[PDB]
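Secondary and tertiary structure notes
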Amino acid sequence: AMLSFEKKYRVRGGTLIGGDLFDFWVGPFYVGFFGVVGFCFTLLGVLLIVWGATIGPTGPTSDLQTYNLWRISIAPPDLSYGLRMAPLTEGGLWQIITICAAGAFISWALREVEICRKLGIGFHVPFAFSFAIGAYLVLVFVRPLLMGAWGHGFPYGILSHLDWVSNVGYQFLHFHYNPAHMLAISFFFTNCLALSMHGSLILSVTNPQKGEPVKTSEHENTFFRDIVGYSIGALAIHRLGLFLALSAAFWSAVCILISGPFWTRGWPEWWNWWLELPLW
Amino acid sequence: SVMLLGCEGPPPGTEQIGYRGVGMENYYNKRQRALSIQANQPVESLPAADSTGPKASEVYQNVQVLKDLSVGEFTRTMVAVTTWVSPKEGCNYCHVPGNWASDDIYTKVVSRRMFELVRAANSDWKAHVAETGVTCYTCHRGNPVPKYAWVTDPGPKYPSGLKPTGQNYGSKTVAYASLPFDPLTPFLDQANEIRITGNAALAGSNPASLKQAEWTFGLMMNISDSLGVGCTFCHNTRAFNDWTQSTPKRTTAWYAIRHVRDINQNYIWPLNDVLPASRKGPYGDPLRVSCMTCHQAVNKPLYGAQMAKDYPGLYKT
Amino acid sequence: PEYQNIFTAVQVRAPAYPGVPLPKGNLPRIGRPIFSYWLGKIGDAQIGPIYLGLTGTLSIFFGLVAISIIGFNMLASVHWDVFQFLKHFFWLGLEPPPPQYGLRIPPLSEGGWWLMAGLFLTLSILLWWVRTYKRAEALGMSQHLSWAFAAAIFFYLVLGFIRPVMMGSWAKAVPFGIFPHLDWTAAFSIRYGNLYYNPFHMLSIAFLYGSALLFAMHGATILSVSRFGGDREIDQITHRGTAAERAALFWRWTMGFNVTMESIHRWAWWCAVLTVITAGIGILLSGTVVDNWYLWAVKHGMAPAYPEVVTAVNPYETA
Amino acid sequence: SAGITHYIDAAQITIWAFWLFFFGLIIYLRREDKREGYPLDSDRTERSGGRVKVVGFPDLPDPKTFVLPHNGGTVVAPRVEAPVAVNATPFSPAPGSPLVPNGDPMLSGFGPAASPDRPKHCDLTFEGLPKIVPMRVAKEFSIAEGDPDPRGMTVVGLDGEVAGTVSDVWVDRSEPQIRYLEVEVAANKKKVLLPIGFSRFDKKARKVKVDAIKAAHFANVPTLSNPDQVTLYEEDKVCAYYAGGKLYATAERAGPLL
Amino acid sequence: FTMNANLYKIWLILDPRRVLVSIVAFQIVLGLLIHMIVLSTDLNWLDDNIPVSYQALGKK
Amino acid sequence: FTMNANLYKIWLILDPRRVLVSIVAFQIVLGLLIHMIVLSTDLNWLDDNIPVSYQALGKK
Amino acid sequence: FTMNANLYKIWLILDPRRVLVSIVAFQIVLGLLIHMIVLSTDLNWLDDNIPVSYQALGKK
Amino acid sequence: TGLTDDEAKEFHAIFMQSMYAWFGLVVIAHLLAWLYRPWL
Ligand code: BCL
Ligand code: BCL
Ligand code: BCL
Ligand code: BCL
Ligand SMILES: CC[C@H]1c2cc3[nH]c4c(c3C)C(=O)[C@H](C(=O)OC)c4c3nc(cc4[nH]c(cc(n2)[C@@H]1C)c(C(C)=O)c4C)[C@@H](C)[C@@H]3CCC(=O)OC/C=C(\C)CCC[C@H](C)CCC[C@H](C)CCCC(C)C
Ligand SMILES: CC(C)=CCC/C(C)=C/CC/C(C)=C/CC/C(C)=C/CC/C(C)=C/CC/C(C)=C/CC/C(C)=C/CC/C(C)=C/CC1=C(C)C(=O)c2ccccc2C1=O
Ligand SMILES: COC(C)(C)C/C=C/C(C)=C/C=C/C(C)=C/C=C/C(C)=C/C=C\C=C(C)\C=C\C=C(C)\C=C\C=C(C)\C=C\CC(C)(C)OC
Ligand code: HEM
Ligand code: HEM
Ligand code: HEM
Ligand code: HEM
Ligand SMILES: [Ca+2]
Ligand SMILES: [Ca+2]
Ligand SMILES: [Fe+3]
């Protein structure tokens, strides 16, 4: 099964590892080396995540053990072990499962890599996706490492990983005062401000008023030049966006990292350096 | 504006407060904690006394509290006090050259109260102070006027009428936040309801104001930086008001929130009548007490330094 | 200038393009276009001209009043001491009217200026929305931007119009302050039992996230395909091209399915516009319909269960 | 989301109200996601999904109508497009398997080098002149005050060897920018256009580096009909040729690294 | 309208349509503003004092 | 009249469109920035002293 | 330079400056990584003992 | 710029009389208030 214009693109080659072997397409997907890899992590983890719902906080017969997607949770081991493997039951699952996350995320990127390698397109997507993965490598590896405990990670619970975000947040009082955190936020907002703007314009030029032709880039420019003056540019936005997106994550990564390993006091207070400046 | 990149370095302290992976964790700077302890050390207790001889009220004529004690013990409790309060100005601080019993110098008068004050704490408010207790040092730490004392903060400057907006200024009171920054007076001094977290699922039951919660947040901030910890310490942020979950400390502090009131409402406020100008705030109110006063940025004053135990005169007789 | 279609290596310039001809009644564009080598090294270099009619002028003047009022009071609290002004800027802010006024018009002192500068900022946006509507039809363009901007405005008014007024107190309104407004959202949550359990608030995040996600994909993809002219979406939407012709295959092979060059922009729209949609709601429900989203969740068996390794007593029931 | 409900309230009476609108909007989208491509071609791997179906969850939408501008035709979405051609053989009789390019993959016009037959016309500006044209016609366009001039630089190649020298660059009237480079191949002495996307600069040695194809490949690059304007048809078939290099310019590239 | 004589020359340099819209708008705000800045202070005529309290004879 | 001697040559380098427009703005904002700040100041006139509080009288 | 006798051949495969500078960094990141890892707790020569006591004694 | 000496001096003149138009109308303004509410 291929698209009206797929067949003429399914070329052989452009593989990183053992490509020729797994070099083929299963439905609308691609496999190759990394293709099989990720899968070997998917079920090996996805099922473990289910095994957690099965087992539960204490036991499968317990009253805590539930199957409500909301209440489901897979918390990491205590901070006692630090950088040690805790019993599969007492934190082990999380630890192992997480190792499957990196194997899924990273491979998924690597897989995208050669996938682009075949279409001779740019490696933008993967490189971009890297950040997302990188950000993850911070909320589970980097941070915990400089904190000396794999238990610093976040629980794998649809709603469970929100509390971990509330505590660690208040752990520094009003977590709204974090420099990197603020900055990052701005980006997330700008980004959304960009999408709501980009996507909108396109549809507003290719589907104008009734009895009207498809506008051209000639309009797009003027449009935003008549509401606020300047127009970033066609691909410019596709650049800007990509930027915001990544920047949003980057600055965020920093945001949490600095929180703890590089600062134990309360963020609201950090801003004091600006106050204690010999100028006021 | 700018983004932080590391004013403190790794690996920071760690203290697992809640169940594995609940977010409830304490992270403290290693070095800082060191310096804090070091510079925040007590004073070795004085040598034990004979505890015999005659009684205080026996020989000493003008004694209203330390009577129970003997001479050596009382002479001792007189020494300690001088080293803890005015080790700088000697005994002449709360007395008159010769008149070991005169009550002309205000420093004495208060000292009396302050005495009962302390005792009370150790004798009737043990759920808070525990079997440890507090001494004149805990607050005075060797200074006639406790460094960490407070007063009704005036706020920002007078725009000639619209000045009431007392929530726009980073006061060290609230950990450099932008809250009212003066929760000590309305709470630590008064008794304004701190609770605002609705106890019912749907609306129509709790009339609490949004500003109100900002106020509580205020106080909490201040408290948080007083003991020098993170809310995780007392609670699990997803249950700011569920006690069934929140932390033993949460309650312990509860009592203090009043032990402080007590200390201001029944001891520190009355003495204002005799306290001089430099001891009175702009609003005429006297320097009161706060969690910051004792704790001074340490969950347990002097890191659990048990001083009062070695001083029997510092307990209700 | 690393070329991954990141920075325009070599720029060129042509006579200032005074926009396209507008219809009858629409004032002629104004402003001598400017050129910036640097800025242009990011995207477009030419600047302006800009349109400014009734609605426009009426807007730029309107909201410019609110800003002044705000910045004014800010510099007012600091006792007009710029020194301490640029110092406490973040902290400084125009606080709302005290609860001791409900909705009644307070004196310029106790909350007045806020309200005033508020209505001037409320209409300033509502008016600006029309300003955009006038820039769309004047070019035969559609109103996808207004529709979105509307959605955003919706949530904007939820923070004052529909919710506060529905509560009967100007107290439940965000203040004019960089930092203090952070406390607002900080307090609001605390006041209503933790927005983490608030359904809509979550749904809205899925967008603040999704949004960032998509553009990270799109903005990127278009570039990766910028080689095969993937930036010129317009002529791609009309007559499909090679850019969009591989641009999809990628996603398809990667995630299974995919959409068209046009299609996607539609997803993006609904993934962004729906953000605030789930915003104004999640807040329109809070305070009025619900008061404690935590108990609300567990009420519906949402809130997860955690062992009890730590617990505190309750001096209230005891005493 | 629980299977059984014992609690009722307004908050929840609006939540489902959303999911319905959501489950609906996601479909609205899907429909649109099929205005280019579908129906599929084969059955290599029977459409995968929680619920198979003939052609996806949502039935194909109704053909939209696009009125191009003045002096233009009309486009419909979706549209019944005639089957294309594949200049490659199946690497294996097993479905999904790739198709090996016949002859010189550098010009086999398959995969990386493969490009659809775009309209054999040319894109225009708002008024009607060919949008993308050479500076030899753009009497107004000039190199940004300061930025180094490309016209005159020698276009190097993958292997490193020089392939030719730039004789002019193609600017864009509609959107001020440089989109192509009128390169003058040395071998064939012909004039082929070079796309920005593949065009790299080394202002130090006055060059336009290209890792796409070798210097020799610049020879047989899809020629243009009119040297005073680039046709959309060719335009897309142009920069596509370079793509091949991205995967054919060297046996090592297509070959595995580990 | 005496000085009107020499003032007529302004129309030759500035676009009349501008000074009109700029002002028709400028007054818009000023008006909405004054009643506001005033009603919020000197006399909140609407419901601060006179006439017969809508609260007294009203609420009861 | 003194300086007005050679000050005419000014318009020869500074366009009138410029001055006229900016001037209006400055004098507008500037002015409003006076009744404003000064208003907030003691010599307020709307609700400071007189008219002596009638609100209190008429209201109730 | 014992094994260095036949190890010269490794250069036809590995680029010259490629692994050259590719290691210059490696070293760096390692150095500070180690000055760092060691500093954290084992031996904190900076502040831990003497011949210091400059601030504790000096400041006081 | 954009003009010669002629048109220039003419503008300056009328432009002045219009400026003294303000100062006078504003000074007389201040004075009227100065009498009523004395600042300082
Ligand atoms: C009391 C709580 C505090 C608080 C505490 C914290 C804490 C604590 C943290 C944040 C973090 C973040 N906070 Mg905060 N935060 C607060 C209030 C806010 C507010 C607000 C308006 O009030 C906002 C907008 C934010 C915004 C943010 C983000 C900038 C940041 C998440 C960044 C990110 O992009 O990760 C990007 C993404 C990822 C790491 C995940 C990786 C994605 C992977 C690779 C893909 C998964 C695929 C999956 C398996 C497949 C699904 C498909 C199915 C098969 C169908 N916070 C309050 C004040 N915040 C976090 C942060 O800084 O991170 C850097 C963080 O740790
Ligand atoms: C970024 C800072 C915090 C964090 C803070 C928050 C906050 C705050 C919120 C979420 C929310 C969500 N987070 Mg989270 N989250 C973090 C890290 C993660 C990671 C990760 C791999 O690291 C994952 C997979 C998730 C997943 C999720 C989703 C369940 C939920 C929807 C978000 C969204 O719409 O994104 C945009 C993207 C998409 C819609 C597309 C793909 C996402 C899909 C729908 C989620 C699938 C996850 C699945 C249950 C995992 C198991 C898969 C098995 C194969 C079954 N979070 C870090 C630790 N997260 C929101 C929520 O409602 O939680 C209940 C919310 O409000
Ligand atoms: C401790 C505090 C709580 C919390 C409390 C709140 C509160 C309270 C709210 C949110 C809301 C949101 N939160 Mg939250 N939030 C927390 C933690 C998080 C985290 C996190 C990772 O930890 C994340 C990712 C989020 C994410 C989000 C977003 C989904 C949502 C913001 C929508 C938005 O577009 O705003 C940006 C956009 C707008 C306000 C609209 C724009 C309107 C117009 C266009 C602006 C006018 C322009 C004007 C002219 C500008 C001139 C200015 C003048 C100078 C004055 N929250 C913590 C748990 N969150 C909002 C929500 O939707 O709740 C349901 C909200 O109200
Ligand atoms: C402060 C204590 C006093 C008081 C003292 C003063 C004093 C003192 C002054 C005013 C002035 C003013 N006061 Mg008062 N005022 C008080 C209470 C009030 C109240 C009130 C509701 O209580 C109001 C509404 C006002 C209202 C006003 C304005 C009418 C006026 C501001 C003019 C201006 O800045 O133009 C801004 C300027 C311009 C737009 C441009 C310059 C004007 C030129 C000359 C004309 C333009 C020429 C152009 C090129 C030709 C084209 C024509 C058209 C533009 C198309 N006052 C109290 C009682 N008031 C000022 C005034 O009226 O000066 C005359 C002034 O000096
Ligand atoms: C700066 C980077 C931005 C970004 C970009 C980005 N994301 C991307 C991409 C890019 C460029 C892709 O190419 C890729 C994609 O969609 O490819 C088709 C993707 C993607 N971004 C995704 C999600 C995602 N991105 C996010 C954020 C961002 N993505 C940033 C804004 C977020 C959040 C939290 O806001 C989420 C949730 C996925 C839809 C997809 C990647 C899918 C993938 O590679 O999955 C691999 C693995 C599996 C399918 C199996 C996992 C099972 C494991 C064995 C267990 C792991 C357990 C897990 C850690 C527990 C999670 C529990 C939570 C519910 C608490
Ligand atoms: C309780 C109960 C009864 C349960 C029943 C359970 C049952 C029945 C289960 C059986 C059903 C099963 C097992 C189903 C499994 C389905 C699975 C596993 C799917 C895996 C695929 C997967 C993880 C997909 C992730 C997709 C996600 C989350 C994408 C996020 C971004 C997003 C909004 C994408 C949608 C729009 C698209 C496709 C964007 C990509 C895209 C972008 C970004 C472009 O820029 C672009 C440019 C030019 C042309 C095309 C495109 C393009 O397509
Ligand atoms: C002196 O200043 C100078 C001249 C130098 C200029 C400088 C100005 C500066 C520096 C200004 C800075 C401003 C800043 C930093 C502002 C920051 C604002 C922030 C952070 C705002 C954040 C949130 C604001 C919100 C959510 C506002 C919501 C407002 C609403 C909902 C208003 C509603 C109003 C209504 C409904 C009015 C209704 C009319 C009546 C009341 C009559 O209906 C009964
Ligand atoms: C070492 C120096 C000091 C000596 C020798 C000393 C001695 C004494 C003596 C003998 C008495 C009881 C005498 C009587 O009233 O008849 C007494 C009482 C008292 N002293 Fe001191 N004193 C010293 C320092 C201080 C200081 C620094 C303070 C102040 C904080 C202080 C506060 C008091 C008070 C308040 C009483 C009365 C106690 C009561 O009411 O029961 N003294 N002191
Ligand atoms: C029993 C031991 C204590 C003695 C003898 C003592 C003595 C005194 C004296 C003499 C003063 C007046 C100082 C002056 O201004 O000249 C004073 C003030 C004060 N004391 Fe104590 N005190 C004791 C314990 C405490 C404790 C435990 C606290 C802490 C809560 C405390 C808090 C204060 C405050 C807030 C003031 C007012 C500030 C001031 O007077 O300058 N004192 N104390
Ligand atoms: C900065 C982080 C903190 C925040 C945001 C916070 C917030 C709150 C809130 C909202 C309440 C009111 C709950 C209700 O409606 O009943 C509260 C109460 C309370 N908090 Fe915290 N808190 C923080 C840190 C702390 C810490 C560190 C302690 C411990 C020393 C503490 C002790 C208490 C106590 C004892 C009460 C009950 C007060 C009463 O009797 O009304 N809190 N907190
Ligand atoms: C209202 C503000 C105050 C709060 C919230 C507060 C809170 C607390 C808490 C939570 C603890 C237990 C710490 C732990 O478990 O490690 C504690 C201990 C203690 N507090 Fe306070 N406190 C306050 C004010 C004070 C004041 C004014 C004094 C001074 C006289 C004081 C003296 C002590 C002492 C001596 C201990 C040690 C008891 C022990 O070891 O368990 N506190 N306080
Ligand atoms: Ca506030
Ligand atoms: Ca004066
Ligand atoms: Fe796009």
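Residues numbered from 1 in each chain as written, not as in the entry; some residues may be left out. Chains lettered and ligands numbered in written order. Part of a larger assembly, values for the part shown. Heavy atoms only, no water. Residues with missing side-chain atoms left out of burial classes, pairs and counts.

As recorded in the PDB header, X-ray crystallography is the method behind this entry, and the stated resolution is 3.008 Å.

1. Examining the overall build of chain B
When helices and strands are tallied, chain B shows ten helices and two strands. Element order for chain B, N to C, with α for helix and β for strand: β-β-α-α-α-α-α-α-α-α-α-α. A total of 317 residues make up chain B; the buried ones form 49% of that total. Relative to all contacts within chain B whose residues are 6 or more apart in sequence, the contacts with residues 24 or more apart total 63%. When the accessible surface of chain B is summed, it comes to about 14300 Å², and 55% of that surface belongs to carbon and sulfur atoms. (Helix = DSSP H or I, 4+ residues; strand = E, 2+ residues; numbered from the N terminus. Buried < 20%, exposed > 50% of the residue type's maximum accessible area, 1.4 Å probe, protein only. Contact = heavy atoms within 4.5 Å. Areas by Shrake-Rupley, 256 points an atom, 1.4 Å probe, with all protein chains shown as cover.)

2. Some words on the coordination of the iron atom of ligand 9
All names here are of chain B. Protein-derived coordination of the iron atom of ligand 9 comes from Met114 (SD) and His140 (NE2), at a distance range of 2.0 to 2.1 Å. Coordination at the iron atom of ligand 9 is octahedral: its six donor atoms span angles of 84 to 179 degrees at the metal. On the criterion of sequence distance, the pair formed by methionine 114 in helix α4 (residues 106-124) and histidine 140 in helix α6 (residues 136-140) is long-range, its members being 26 residues apart. For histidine 140, a relative accessible area of 11% corresponds to the buried category. (Donors = N, O, S within 2.8 Å, 3.2 Å for Na, K, Ca; no water. Tetrahedral: all angles 85-135°; square planar, octahedral: opposite > 155°, others 65-115°.)

3. What to know about the interface of chain F and chain H
Put simply, an interface is often sized by how much accessible area is lost when its parts join up. Chain F puts 13 residues into the contact, and the matching count from chain H is 15 residues. The junction of chain F with chain H conceals about 1400 Å² of combined surface from both sides, 61% of it contributed by carbon and sulfur atoms. Among the residues of chain F in contact with chain H, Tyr8, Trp11 and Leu12 of chain F are the three that bury the most area, contributing 47% of the side total. Here chain F is connected to chain H by zero salt bridges. Class assignment of the residues belonging to the side of chain F that touches chain H gives a composition of nine nonpolar, three polar and one charged. (Buried area = accessible area lost by both parts, 1.4 Å probe. Salt bridge = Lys/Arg side-chain N within 4 Å of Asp/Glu carboxyl O. Nonpolar A, V, L, I, M, F, W, Y, C, P; charged D, E, K, R; others polar.)

4. A word on the interface of chain A and chain C
Listed by partner, the interface residues are 94 residues for chain A and 103 residues for chain C. Taking both partners together, chain A and chain C bury about 8700 Å²; carbon and sulfur atoms supply 67% of that area. At the boundary of chain A with chain C, the tally comes to four salt bridges. One salt bridge connects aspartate 44 of chain C with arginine 225 of chain A, and the closest N-O pair in it is separated by 3.2 Å. Counting only elements with at least two residues in the side of chain A that touches chain C, the list comes to β2 (29-30), α3 (88-119), α4 (124-147), α5 (160-170), α6 (179-206), α7 (217-227), α8 (234-258) and α10 (272-275) of chain A. Considering each element in turn, the side of chain A that touches chain C owes the most residues, 18 residues, to α6 of chain A. Taken together, the residues of the side of chain A that touches chain C sort by class into 54 nonpolar, 27 polar and 13 charged.

5. Observations regarding α8 of chain A
Residues and elements named next belong to chain A. Over its 25 residues, α8 runs 36 Å from end to end, which matches the ideal 36 Å to within 8%, given 1.5 Å per residue. Among the 25 residues that make up α8, 21 are buried, leaving the element largely enclosed by the rest of the structure. Where α8 ends, the next residue or the one after it, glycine 260, has phi of about 120 degrees, a positive value. (Expected span 1.5 Å × (residues − 1).)

6. Some points on the site of ligand 3
Residues in close proximity to ligand 3 total 24 residues, the closest being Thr185, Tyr196, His201, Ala279 and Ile283 of chain C. More than one chain approaches ligand 3, the contributing ones being chains A and C. Within the contact set of ligand 3, an oxygen atom lies 3.2 Å away from a side-chain nitrogen or oxygen of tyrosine 196 of chain C. One of the side-chain N or O atoms of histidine 201 of chain C is found 3.1 Å from a nitrogen atom in ligand 3. Taken together, the elements giving at least two residues each to the shell around ligand 3 come down to α5 of chain A together with α4 (108-136), α5 (144-158), α7 (180-191), α8 (199-224) and α11 (261-285) of chain C. The element best represented in the shell around ligand 3 is α8 of chain C, accounting for five residues. (Near = heavy atom within 4 Å. Polar contact = N/O pair within 3.5 Å; in protein donor to acceptor, adjacent residues only side chain to side chain.)

7. What to know about the coordination of the iron ion (ligand 14)
At 2.0 to 2.2 Å from the iron ion (ligand 14) lie its protein donor atoms, namely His198 of chain A (NE2), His238 of chain A (NE2), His218 of chain C (NE2), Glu233 of chain C (OE), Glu233 of chain C (OE) and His265 of chain C (NE2). Coordination at the iron ion (ligand 14) is irregular: its six donor atoms span angles of 59 to 169 degrees at the metal. You can see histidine 238 of chain A sitting in helix α8 and its partner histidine 218 of chain C sitting in helix α8, one on each of two chains.

8. Re the domain arrangement of chain B
Residues and elements named next belong to chain B. Segmenting chain B into domains produces domain 1 (29-146 + 300-317) and domain 2 (147-198 + 208-299). Taking the mean C-alpha position of each, domain 1 and domain 2 sit 26 Å from one another. At the interface, 24 residues of domain 1 touch 25 residues of domain 2. Sorting the residues of domain 1 by area buried against domain 2 places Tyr106, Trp125 and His128 first, and these three jointly supply 26% of that buried surface. Counting across the interface, domain 1 meets domain 2 through zero salt bridges. In this structure, the connection of domain 1 to domain 2 is made through twelve residue pairs in polar contact. At the level of elements, α4, α5 (126-129) and α6 are the ones that each hand at least two residues to the side of domain 1 that touches domain 2. (Domains from an automatic or database assignment.)

9. Considering the site of ligand 11
Residue and element names in this part refer to chain B. In the neighbourhood of ligand 11, 22 residues make up the surrounding shell, with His128, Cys291, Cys294, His295 and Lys300 lying closest. Within the side chain of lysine 249, one N or O atom sits 3.3 Å away from an oxygen atom of ligand 11. One of the side-chain N or O atoms of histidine 295 is found 2.7 Å from a nitrogen atom in ligand 11. Looking at the shell around ligand 11, the elements that each hand over two or more residues are α5, α9 (248-268) and α10 (291-295). Top element by residues in the shell around ligand 11 is α9. It accounts for five residues. Across the shell around ligand 11, the residue classes tally to 14 nonpolar, six polar and two charged. Two domains each provide a minimum of three residues to the shell around ligand 11, namely domain 1 (29-146 + 300-317) and domain 2 (147-198 + 208-299).

10. Examining the side chain of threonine 41 of chain E
Tracing the chain through its elements places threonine 41 of chain E in the loop between α2 (16-39) and α3 (56-59). Sequence-distant contacts of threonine 41 of chain E, defined by excluding residues within four places in its chain, comprise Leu108 of chain C together with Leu46 and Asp47 of chain F.

11. Describing empty space enclosed by the protein
The computed volume of the largest cavity comes to approximately 570 Å³. Every residue lining the largest cavity is counted, 43 residues in all, and those nearest its centre are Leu235 of chain A together with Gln177, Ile178, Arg179 and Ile196 of chain D. Every element with two or more residues in the lining of the largest cavity is listed here: α8 of chain A, β1 (12-13) and α9 (233-238) of chain C together with β9 (178-185) and α2 (232-248) of chain D. At four residues, β9 of chain D tops the list of elements feeding residues into the lining of the largest cavity. Per-class residue counts for the lining of the largest cavity are 19 nonpolar, 13 polar and eleven charged. Taken together, 17 residues line the second largest cavity, and the ones lying closest to its centre are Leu162 and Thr165 of chain B together with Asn73, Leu94 and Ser109 of chain C. When contributions to the lining of the second largest cavity are tallied by element, the ones reaching two or more residues are α2 (54-77), β2 (93-94) and α4 of chain C. It is α4 of chain C that contributes the most residues to the lining of the second largest cavity, six residues altogether. Taken together, the residues that form the lining of the second largest cavity break down as eight nonpolar, eight polar and one charged. (1 Å grid on protein atoms, 1.4 Å probe; cavity = no way out; pocket = protein on both sides within 12 Å on 5 of 7 lines; lining within 4 Å. Points joined across faces, edges and corners; volume = space filled by probe spheres on them.)

12. Topic: the UniProt feature "binding site: heme 3" in chain B
The UniProt record marks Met220, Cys231, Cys234 and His235 of chain B with the feature "binding site: heme 3", using the residue numbering of this structure. Spanning 16 residues, the annotated positions come together in the fold, the maximum distance between their C-alpha atoms being 11.3 Å. Tracing the sequence through the fold places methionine 220 of chain B in helix α8 (residues 210-226). Turning to its location among the elements, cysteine 231 of chain B is positioned in the loop between α8 and α9. Here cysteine 231 of chain B is in contact with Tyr170 and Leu173 of chain A together with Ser224 and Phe240 of chain B, once residues within four sequence places are set aside. (UniProt positions renumbered as here; feature names shortened; annotations may be inferred.)

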